[PDB]
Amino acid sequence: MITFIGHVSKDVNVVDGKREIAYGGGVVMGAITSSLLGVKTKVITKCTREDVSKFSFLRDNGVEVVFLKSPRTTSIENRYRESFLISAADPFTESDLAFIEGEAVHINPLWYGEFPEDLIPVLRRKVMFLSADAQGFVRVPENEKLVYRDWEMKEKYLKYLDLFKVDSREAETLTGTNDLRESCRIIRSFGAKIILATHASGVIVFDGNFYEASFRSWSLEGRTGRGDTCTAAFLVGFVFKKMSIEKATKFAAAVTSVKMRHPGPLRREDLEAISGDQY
């Protein structure tokens, strides 16, 4: 089993000045992927009681969800890649981790402060395989605008993580370099045992050696949730299906590719468009 911990979000997507609402967040995209890939999946999240029915579809995709109490629901405005934290559910606290079970937990936050760094060592004691998304540690609200800032305590906390996920913009923020491979080498030197890096054309996994796989389909409206889908697929392949790291990398790319053909989370039919020849 895998547990995803993170805020759900009312996304306000603004396309050429047109507002369109989507009910998402990183945990939605990742949890649906792992569940549809056949791994028992749990989500620990927060939102208002009134908004719980917006996220009921997690359960229809096989995901067990703990909807913890919050007086607000996270809402992020995305302008088209500029995002703003309009409203914020309450952060996670230590006691929210009390029931943690299963082999794997992915720390999947939308904004720095959602998942206080103090929770990292606490959670480490409870789980065999612990991963986190850099978005939760570098994307910082500043008069709402989510700005990219270096994660000051990265060298303290990266040693706690079996896997660390970044995308291009995160990796550059952490390292000063837009060379993605080199940033992987730098982030490894900070304590990261395995780094999963997504970028426009594909995914790079680095554990001392590089493994790469390219995406083979895409759409503009399907690109949101790329990285969360890819992370969840990699965790499924590597942690639960016992694929080699090279094979899990190709698998993660393959699953992400088919999800990117449409808006919203992975769909079961997407999996039929993968060939086993790929990975």
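Start at 1 with the first residue shown and count on from there.
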| item | value |
| --- | --- |
| Deposited but uncoordinated residues in the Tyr80/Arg81 interval | 4 to 9 |
| Which of 94-102 and 200-208 has higher mean CA B factor, as the PDB entry lists it | 94-102 |
| Stretch with the higher entry mean CA B-factor, where the candidates are 217-225 and 23-31 | 217-225 |
| Given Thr48, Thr45, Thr231, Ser244, the residue at which the Cα B factor reaches its maximum | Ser244 |
| Per the PDB entry, maximal CA B factor within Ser131, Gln135, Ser87, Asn143 | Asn143 |
| Ranked against its chain, the third holding the CA B-factor of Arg125 | highest |
| CA B-factor placement of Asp16, once the chain's modelled residues are sorted into thirds | highest |
| Where the record places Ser168 (Cα B-factor, split into thirds across the chain) | middle |
| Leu235 CA temperature factor, ranked by third within the chain | lowest |
| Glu114 - Cα temperature factor, lowest/middle/highest third of chain | lowest |
